[PDB]
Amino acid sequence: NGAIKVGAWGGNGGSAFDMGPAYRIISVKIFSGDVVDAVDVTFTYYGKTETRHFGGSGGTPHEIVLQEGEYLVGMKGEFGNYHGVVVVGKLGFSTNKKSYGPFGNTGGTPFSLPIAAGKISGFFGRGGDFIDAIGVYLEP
């Protein structure tokens, strides 16, 4: 509904997910090991603060807590075959303050989304055992 969605980068495995845009991403938690297992996002939508759980439940958590006036302004990673499956094998974000990651240890086809104007407001993609694919909502 006026949305701008770029991606998803990755494979066609797993099931579709789409959190829609948020008023405020509070934190992003990337679960990884060899590969990107999953992503938890906690956010406020119309007053309510929710957490959605994407991908699978393996891997080690890596939390990005957004400070007041800190926004996600970049996403990059790599997707490739992980013993049969095209999943996001490395995943990273940058904010207007600091860069995070990349998380994951499997190299593959790089992708990169530098945002010169605007910010990330939400996520979509595909998840199964791991993060098959990830994509992003943009707003000014």
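When you see a residue number, it is the position in the sequence shown, counting from 1.
S.K.: I need to verify one thing: averaged over C-alpha atoms only, is the B-factor higher for 102-110 or for 63-71?
M.R.: Higher mean C-alpha B-factor in the PDB entry: 63-71.
S.K.: Which wins on mean Cα temperature factor, 44-52 or 28-36?
M.R.: Higher mean C-alpha B-factor: 44-52.
S.K.: Can you tell me whether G92 has a C-alpha B-factor in the lowest, middle or highest third compared with the other modelled residues of the same chain?
M.R.: Bottom third by C-alpha B-factor.
S.K.: Splitting the chain's C-alpha B-factors into thirds, which one does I115 fall into?
M.R.: It falls in the bottom third of the chain.
S.K.: With respect to C-alpha B-factor, does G84 fall in the lowest, middle or highest third of the chain as deposited?
M.R.: Its C-alpha B-factor belongs to the highest third of this chain's values.
S.K.: Lowest, middle or highest third of the chain for the C-alpha temperature factor of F17?
M.R.: According to the entry, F17 has a C-alpha B-factor in the chain's middle third.
S.K.: Lowest, middle or highest third: where is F123 by Cα B-factor in its chain?
M.R.: Bottom third by C-alpha B-factor.
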